[PDB]
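Just so you know, ligand 1 is whichever comes first in the structure, and atom 1 is the first atom listed for that ligand. Numbers here simply count residues along the sequence, with the first being 1.
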Amino acid sequence: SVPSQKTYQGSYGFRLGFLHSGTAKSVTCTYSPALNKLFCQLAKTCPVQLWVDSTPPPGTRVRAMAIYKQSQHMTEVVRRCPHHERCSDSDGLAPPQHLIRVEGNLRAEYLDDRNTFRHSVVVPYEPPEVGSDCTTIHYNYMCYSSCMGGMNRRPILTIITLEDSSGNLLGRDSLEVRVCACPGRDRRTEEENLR
Ligand SMILES: [Zn+2]
């Protein structure tokens, strides 16, 4: 099977938002609206905003999962490569095999689906704080898109779903992600190629 990637705002008007970081050669994370693609360095903070028109119920959660973008690779579980899964860089909560981690949230839970074998990380949805209009989750990608034996240069999509306490779908959004050495340069090159 393959997780759905269909955009769905749902009853709460759920959608993602990204900061405007630019494309300076030194940038560590940058999002391209034209390509709906996030470019980031290995294990660097990727701020992802959660926007809703109305607050969902207490117990609502937010899950992140990666899948290969190419249809011929969609059924393959996206996981860290043979080298990174063994580098003992766990933060004490994320299994070393997981590509996507959530930073600074002790309530993050990591799932290895007993049926699909796919990996995901989920946190409780927290409503915006005083003075804020949105909620931000900080993600880290733990392998480069080019890692051999892992993503192996194949592009991936990250699917973010808003779920109820039972795991039922409330909202869904997604974006392509490239983990690379120079996000600014690659974003500039890909947007140029699109033009
Ligand atoms: Zn790797």
| Is it the case that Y125 and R61 place a side-chain donor and acceptor less than 3.5 Å from each other? | no
| query | What protein N, O or S atoms come within a distance below 2.8 Å of the Zn ion (ligand 1), ordered by chain and number? | reply | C81 SG, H84 ND1, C143 SG, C147 SG
| field | Pair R153-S146, side-chain donor/acceptor within less than 3.5 Å | value | no
| request: May I ask you to decide whether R80 forms a salt bridge with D89, counting only side-chain N to carboxylate O separations under 4.0 Å? | output: yes
| task | Sort out for me which residue in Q41, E103, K44 forms a side-chain hydrogen bond (donor to acceptor under 3.5 Å, both in side chains) with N140. | result | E103
| Could you state the interatomic distance from NZ (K69) to OG (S174), rounded to the nearest 0.5 Å? | 10.5 Å
| For residues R63 and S120, is any side-chain donor paired with an opposing acceptor at under 3.5 Å? | yes
